[PDB]
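Participant: This block holds the first chain(s) of the complex, placed as they are in the complex; more will follow:
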Amino acid sequence: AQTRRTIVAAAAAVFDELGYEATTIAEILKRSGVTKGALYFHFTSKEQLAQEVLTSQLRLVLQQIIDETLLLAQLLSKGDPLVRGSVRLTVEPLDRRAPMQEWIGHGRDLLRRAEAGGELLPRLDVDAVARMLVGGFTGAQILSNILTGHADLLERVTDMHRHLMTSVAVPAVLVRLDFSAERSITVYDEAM
């Protein structure tokens, strides 16, 4: 039985529900419905639980970028506890640095590959751009939440991404990228 699955989906839901701080291993157990000992060779402290939550979910390679971005929006917009938990921990006022750097690094690795394929406009700081993509996502995601409770998330995230790519992708490539809901739902139905 893979019940380390079961744990983290309670860990996340709870972290999502209260903060890092008001979350207790005790509440995790009570919710995971799992064993006291089970938890402990798996993860040590509450700290480790959170870290798992932050980094977990984390042709044309620019399409992959898009696809991962829209995937986040999808899970997020449908209360995927895993993702909501990582979003709640990412933001609120625990080491936040190391999961964010790995998030950005994931972006840098994908841009590097697209560079080597000629997909990007010359002179781009591949580090700076990775940071914009994650930020653009993070900003739209917060606003959409405040302004409409995530109802417009998809649209807002897509907007933000589409608009940014205009200065990142070479024309011949920009016009071939697919930001459609059709695709994005396909990619989501995929990873379940």
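Facilitator: Great, that's in hand. Residues are numbered from 1 along each chain as shown, chains lettered A, B, ... in the order given.

Participant: how far away is residue A:99 from residue A:106?
Facilitator: Remark: distance between residue A:99 and residue A:106 (CB to CB, to the nearest Å) = 11 Å. Every C-beta, even on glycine, is put in place using the N, C-alpha and C of the backbone.

Participant: ok, those two, which is more surrounded?
Facilitator: residue A:99 (21 against 16; other CB atoms under 10 Å).

Participant: Isn't the more buried one up against residue A:47?
Facilitator: No. Residue A:99 lies out of contact with residue A:47 (CB atoms under 8 Å); the separation is 11.9 Å.

Participant: Could I get the buried residue list for the longest helix belonging to chain A?
Facilitator: The longest helix of chain A (DSSP state H) is helix A:126-148. Buried residues in helix A:126-148, counted by 16 or more other CB atoms under 10 Å: A:126, A:129, A:130, A:133, A:134, A:136, A:137, A:138, A:140, A:141, A:144, A:145.

Participant: How about stretch A:95-104?
Facilitator: So stretch A:95-104, judged by 16+ other CB under 10 Å, has buried residues A:99, A:100, A:103, A:104.

Participant: now the last one, nearest residue through space, not along the chain?
Facilitator: Setting aside the residues directly before and after it, residue A:104 is nearest to residue A:130 in space (CB to CB, 6 or more residues apart in numbering), at 5.0 Å.

Participant: and if you look at the second one?
Facilitator: Residue nearest to residue A:100 in three dimensions, not counting chain neighbours: residue A:90, with 7.0 Å by CB to CB, 6+ apart.

Participant: and the residue most central in space within chain A, what does it touch?
Facilitator: Centroid-nearest residue in chain A, with CA atoms, centre = their mean: residue A:72, separated by 4.8 Å. By CB atoms under 8 Å, 6 or more residues apart in numbering, the contact list for residue A:72 reads A:57, A:83, A:137, A:157.

Participant: was I right about the first one contacting residue A:82?
Facilitator: Yes. Taking contact to mean CB under 8 Å, the distance of 5.9 Å between residue A:57 and residue A:82 places them in contact.

Participant: Which neighbours do these two have in common?
Facilitator: Common contacts of residue A:57 and residue A:82, defined by CB under 8 Å, 6+ apart, comprise residue A:75.

Participant: related to what we said a few turns ago, past the longest helix of chain A, which element shows up next along the chain?
Facilitator: helix A:153-165 (DSSP states H and E).

Participant: roughly how far is that next one from the heart of the chain?
Facilitator: Relative to the chain's own centre, helix A:153-165 is displaced by 15 Å; criterion: CA atoms, centre = their mean, to the nearest Å.

Participant: tell me which strands and helices the host helix or strand of the residue nearest to residue A:100 is in contact with?
Facilitator: According to DSSP H and E, residue A:90 maps onto helix A:81-91. In this structure, helix A:81-91 makes packing contacts with helix A:4-17, helix A:46-55, helix A:61-77, helix A:97-116, helix A:126-148, judged by 3 or more CB pairs under 8 Å, 6 or more residues apart in numbering; DSSP states H and E.

Participant: add one more, call it chain B:
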Amino acid sequence: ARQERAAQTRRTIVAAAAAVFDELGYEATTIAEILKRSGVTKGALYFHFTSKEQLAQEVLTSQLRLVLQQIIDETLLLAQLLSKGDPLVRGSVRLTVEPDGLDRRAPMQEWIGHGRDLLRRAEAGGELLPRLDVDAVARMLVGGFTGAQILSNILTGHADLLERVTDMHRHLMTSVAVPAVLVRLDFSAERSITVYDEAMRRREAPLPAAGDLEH
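Facilitator: If we add chain B to the chains shown above, we get the following:
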């Protein structure tokens, strides 16, 4: 003037309030704490604010040639101030971000309204690429700042803030402005420093009016 004396006490209330929110966030900030730090009476703070919520909202909204240079100015300015630890900006940024029943929606509608309004003005003046949804553009801009701000804090401690805001904003504007206008805009730290020096001058620390001090 009864009126000028009142207006000064109110600045003091808003600034003490931004500092305390910055520090403990919304739920945990009491009025009692703000009174203690501003040194003003209950009566004065009650005369100026309906409630703790309204005062949080006042903190959230207190910051409100080529019109698009106006949007740039305002944007780089927030980042300068935030980078300088200016308490007003510190407080709005903390109040925005956290998840206590304070409506953050209305004040955010106002920020977004603001960008929308100046965008209508840019458009009428032929500065925009055609057929943009202005409301969606205002939403990207504010989102871009918020997003850049959050990351910059997590990753450096607002060290790189002014860089990262300017990047996000340059990219964003390149997809919004007509290119003849994009060449005439000024994303330089140079302009941004000038603007900030000007502003720091309008905003010396408020002291309250004597008639509203706690005794």
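
Participant: let's see the buried residues of stretch A:95-104 again after adding chain B.
Facilitator: For stretch A:95-104, burial by neighbour count (16 or more other CB atoms under 10 Å in any protein chain shown) applies to A:96, A:99, A:100, A:103, A:104.

Participant: wait, does it contact chain B?
Facilitator: Yes. Counting by CB under 8 Å from any CB of the partner chain, chain B has neighbours in stretch A:95-104: A:96, A:97, A:100, A:101, A:104.

Participant: Excluding sequence neighbours, find me the nearest residue to residue A:76.
Facilitator: residue A:83 (5.1 Å; CB to CB, 6 or more residues apart in numbering or on different chains).

Participant: what do you get for residue A:124?
Facilitator: residue A:168 (6.5 Å).

Participant: how many neighbours does that neighbour have?
Facilitator: Neighbourhood size, residue A:168 [other CB atoms under 10 Å in any protein chain shown]: 22.

Participant: contacting residues for it?
Facilitator: By CB atoms under 8 Å, 6 or more residues apart in numbering or on different chains, residue A:168 lies in contact with A:120, A:121, A:124, A:129, B:171.

Participant: now do residue A:55
Facilitator: Applying CB under 8 Å, 6+ apart to residue A:55 gives the contacts A:86, A:99, A:102, A:103.

Participant: Relative to chain B, how far out is it?
Facilitator: Going from residue A:55 to chain B by CB to the nearest CB, to the nearest Å gives 14 Å.

Participant: List phi and psi for the residue lying farthest from the centre of chain A.
Facilitator: The C-alpha centroid of chain A is most remote from residue A:37, which lies 30.0 Å away (CA atoms, centre = their mean). Here is the backbone geometry of residue A:37 (degrees, to the nearest 10): phi -70, psi -40.

Participant: again with the one 4 residues further on
Facilitator: Torsion angles at residue A:41 (phi, psi; degrees, to the nearest 10) stand at phi -70, psi -40.

Participant: Same check on residue A:185?
Facilitator: Torsion angles at residue A:185 (phi, psi; degrees, to the nearest 10) stand at phi -60, psi -40.

Participant: Report how many residues lie close to the closest residue to it other than its chain neighbours.
Facilitator: Leaving aside its sequence neighbours, residue A:185 sits nearest to residue A:74 (CB to CB, 6+ apart; 7.2 Å). By other CB under 10 Å, 21 other residues sit near residue A:74.

Participant: Test my guess that residue A:74 contacts residue A:154.
Facilitator: Yes. Residue A:74 is in contact with residue A:154 according to CB under 8 Å; the separation is 7.3 Å.

Participant: Around chain B, which positions in chain A sit nearby?
Facilitator: By CB under 8 Å from any CB, the part of chain A that sits against chain B consists of A:88, A:90-93, A:96-97, A:100-101, A:104, A:128, A:131-132, A:134-140, A:142-143, A:146-147, A:156, A:159-160, A:163-164, A:166-168.

Participant: Mind doing that once more with 7 Å?
Facilitator: Taking CB under 7 Å from any CB of the partner chain as the contact definition, chain A meets chain B at A:88, A:91-93, A:96-97, A:100, A:128, A:131-132, A:134-136, A:138-140, A:142-143, A:146-147, A:156, A:159-160, A:163-164, A:166-167.

Participant: which residue does chain A bring closest to chain B?
Facilitator: As assessed by CB to the nearest CB, chain B sits closest to residue A:139 within chain A, at 2.5 Å.

Participant: Right, I'll call it a day here.
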